[PDB]
Amino acid sequence: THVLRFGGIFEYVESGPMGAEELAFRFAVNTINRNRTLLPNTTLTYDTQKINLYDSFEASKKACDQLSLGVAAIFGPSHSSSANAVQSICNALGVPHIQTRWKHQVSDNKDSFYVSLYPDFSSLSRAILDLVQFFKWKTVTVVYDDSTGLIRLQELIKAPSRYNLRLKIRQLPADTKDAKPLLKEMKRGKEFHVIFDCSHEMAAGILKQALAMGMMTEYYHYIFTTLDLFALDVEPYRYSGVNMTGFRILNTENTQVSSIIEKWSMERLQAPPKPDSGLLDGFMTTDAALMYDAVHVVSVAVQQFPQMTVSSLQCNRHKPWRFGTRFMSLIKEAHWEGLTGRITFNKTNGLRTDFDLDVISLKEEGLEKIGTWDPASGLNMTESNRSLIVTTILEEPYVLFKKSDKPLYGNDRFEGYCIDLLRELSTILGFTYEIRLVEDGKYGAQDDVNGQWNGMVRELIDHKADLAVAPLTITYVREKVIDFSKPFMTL
Amino acid sequence: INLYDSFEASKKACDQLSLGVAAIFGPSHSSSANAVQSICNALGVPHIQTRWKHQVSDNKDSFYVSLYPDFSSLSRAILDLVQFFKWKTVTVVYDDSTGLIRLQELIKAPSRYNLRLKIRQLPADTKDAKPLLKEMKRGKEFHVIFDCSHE
Ligand SMILES: O=C(O)[C@@H]1C[C@H]2C[C@@H](CN3CC(F)(F)C[C@H]3C(=O)O)CC[C@H]2CN1
């Protein structure tokens, strides 16, 4: 029947195997072909070209070859310089360029033949800040890997002048093994609240260093910028009590999406996994779920343009593709439920600025969902006969252990003036109670350096006790922090 | 060539390499300059740059030099000057993303030295800048670094 060809350009170092992106591309095409609801009468074909990383010259040549073979779109390469070069070519010949990865948008750049399936930085930036504010952090250390990290967090970096966040900015070194000296400074600095802006492979690496450093405990809370957080081996850390929170755009809760991610692991996990990585083997990363979603969203557009056919275009000549303008318009208007949730582009710039994120945190069970985020709602986090606990302290003759012939259990082990008072109060006011001897053997004073209380006063402040029944002197400093009865003895 | 047309920059660079040239004083702006640099690298003709663009570490091109004073050094000299004026408070105002990068040395200082610092962004047009300046005024931000073009 009817046939349409897509182009693919995938970046790599050394040689095979195939990478995640080129794999998801092929996988999406094979799947769609077999779907009888999507492109029923249409059968997708493709040319794939492999190039070196950062060789924009080679990327240009391969894109020109593909436009010569004839293609309806180029799922151009990932990295900034090659991607900008294929985008300029695609714009001159009016063939849609489909991107899956963020690159810096220059304002005065007029290219219009591209869409990008990657969740725009502006929106992610805001959702980081939204999360920080929900945890009520007033202090936070942002740690980034390379320059462009800065740009992904600009919304956050500019907050300290509107809201009340003091914030320290540090940079990782090239290698995470070099990161102890940096972590030691944060430790001395008491920087317990930390955002890591970096790849998920960097994050796996920096966590190991953080463990070594005594920094994976209940005292530390780490927010992760990476969307591939869910790919991290979390077995070394879930028992420790650290808090790890981040985001996930891969819609794993949907059953249809889980089954697709599985069939992927079978053809992929079948090939090289690593031991010392700290990543789960055969998890579908975001770079690849996006490519697979891009092939679908573009196909939804092809369904609405049966007239369209490929033309052999030459980079030599300034003659664009007849159907380009109309196809590009259909793609930008397209809507699709894919591996990464609602797909919808921005009328204005063709960037994916509106999308849905699950919000995930480390519980002892593993990484689990604790809410959602979307740009229009912010966070949607999904959150009398009692005995009184009486704190007291041994002090003659107020509270002592009773000497008795009879067996004594529980509260009846104690006697004294304060015990007699407690018994009367419990009868008059009608409560039951449990007597507990205070853990530090103190009445209650405030530390002159850190301002923390101890003794029975601290038990009350922290609501660990209901009552302190003891010869607790009523003083100015104490009455400011607890509520005393009127005195039962004056002296 | 047009600004930001890396495709046209590629074509013109190829024409020139065809005429024969000992070096291309390639174009100024990031995307066209990166494209002419990749071409120049494949054909081993020196590409001479005059403007800063972001250096990617894992990029292996070797046939270029850049006459623009590197950002790392300028960053330090800004910080050196701030410290000589003994400022402990400063508001950095930048125009566009890449401004951030030129001041990274300065932005990372508040954890080593004793500088509290506030980071604000200019709007597209400076005529729109009164509301921003009013906040700085109320804020008593008397010490200010402007990272932006001379225009
Ligand atoms: O609330 C308090 O801090 C005190 C503790 C406790 C203090 C004792 C008296 N002090 C115990 C002491 F021996 F340590 C010295 C003596 C005193 O200062 O005269 C009497 C019963 C108590 C009255 N309230």
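Here is the figure for the stretch A:469-489: residues that are outside any loop (DSSP other than H, G, I, E, B) and either within 11 Å of the ligand (Cβ to nearest atom) or polar (S, T, N, Q) (or both) total 2. A:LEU23 meets all of the listed conditions (1) under 32 Å from the mean Cα position of the chain (by Cα); (2) surrounded by fewer than 20 Cβ atoms within 10 Å (Cβ to Cβ) but one, namely (2). Here B:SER73, B:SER66 are screened, and the one residue that is out of contact with any strand residue (DSSP E or B) (no Cβ under 7 Å at 6 or more places or on another chain), more than 10 Å from every other protein chain (Cβ to nearest Cβ) and either farther than 26 Å from A:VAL86 by Cβ or surrounded by 13 or more Cβ atoms within 10 Å (Cβ to Cβ) (or both) is B:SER73. Would you call A:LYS50 under 25 Å from A:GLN270 (Cα atoms) and touching a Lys or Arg at 6+ places or on another chain (Cβ under 9 Å)? For A:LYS50, the condition - under 25 Å from A:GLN270 (Cα atoms) and touching a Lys or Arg at 6+ places or on another chain (Cβ under 9 Å) - is met. Can you confirm whether A:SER116 is hydroxyl-bearing (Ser, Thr, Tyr), crowded, with 23+ Cβ neighbours inside 10 Å and in a helix (DSSP H, G or I)? Spelling it out, it is not the case that A:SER116 is hydroxyl-bearing (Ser, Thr, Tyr), crowded, with 23+ Cβ neighbours inside 10 Å and in a helix (DSSP H, G or I).
Would you confirm whether or not the stretch A:440-451 contains a residue that is surrounded by 14 or more Cβ atoms within 10 Å (Cβ to Cβ), closer than 30 Å to A:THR245 by Cβ, of a type outside the set (D, E, K, R) and away from the ligand (no atom under 16 Å from the Cβ)? For the stretch A:440-451, residues surrounded by 14 or more Cβ atoms within 10 Å (Cβ to Cβ), closer than 30 Å to A:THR245 by Cβ, of a type outside the set (D, E, K, R) and away from the ligand (no atom under 16 Å from the Cβ): absent. Among the residues of the stretch B:29-58, the ones that are within 21 Å of B:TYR4 (Cα to Cα) and within 13 Å of chain A (Cβ to nearest Cβ) come to 19 in all. Of everything listed in (1) among the aromatic types (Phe, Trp, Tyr); (2) within 28 Å of A:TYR12 (Cβ to Cβ); (3) under 20 Å from the mean Cα position of the chain (by Cα), the single unmet condition for A:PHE75 is (3).
The set of residues in the stretch A:156-168 that are at the interface with chain B (Cβ under 7 Å from one of its Cβ atoms) and under 19 Å from the mean Cα position of the chain (by Cα) contains only A:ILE157. With respect to the numbered conditions (1) surrounded by 15 or more Cβ atoms within 10 Å (Cβ to Cβ); (2) away from the ligand (no atom under 16 Å from the Cβ); (3) more than 50 Å from the chain's Cα centre (by Cα); (4) of a type outside the set (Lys, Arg), which one is the sole condition not fulfilled by A:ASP466? Only one criterion in (1) surrounded by 15 or more Cβ atoms within 10 Å (Cβ to Cβ); (2) away from the ligand (no atom under 16 Å from the Cβ); (3) more than 50 Å from the chain's Cα centre (by Cα); (4) of a type outside the set (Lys, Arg) is unmet by A:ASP466, namely (3). Considering A:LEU362, A:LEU339, A:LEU408, A:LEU388, the condition of being away from the ligand (no atom under 16 Å from the Cβ) and touching a helix residue (DSSP H, G or I) at 6+ places or on another chain (Cβ under 7 Å) is satisfied by A:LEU339 alone. Considering the stretch B:133-151, the residues that are of a type outside the set (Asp, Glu) and more than 23 Å from B:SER75 (Cβ to Cβ) include one that is farthest from the chain's Cα centre (by Cα), namely B:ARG138. Against the numbered list (1) more than 27 Å from B:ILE48 (Cβ to Cβ); (2) away from every other protein chain (no Cβ under 13 Å); (3) over 14 Å from the mean Cα position of the chain (by Cα), B:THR89 comes up short only at (2). Residues that are within 12 Å of another protein chain (Cβ to nearest Cβ), among the aromatic types (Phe, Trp, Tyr) and assigned to a loop (DSSP other than H, G, I, E, B) are absent from the stretch A:120-135 altogether.
Total residues in the stretch A:428-439 satisfying the condition of being surrounded by 11 or more Cβ atoms within 10 Å (Cβ to Cβ) and more than 13 Å from the ligand (Cβ to nearest atom): the figure is 7. Taking the criterion of being closer than 16 Å to A:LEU388 by Cβ and away from the ligand (no atom under 13 Å from the Cβ), the residues of the stretch A:452-463 that qualify are A:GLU459, A:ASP462, A:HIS463.
FYI the Cβ positions are ideal-geometry reconstructions off the backbone, even for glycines, and counts take in every protein chain you see. Where a number appears in this text, it was derived from the coordinates with a stated rule and is not lab data.
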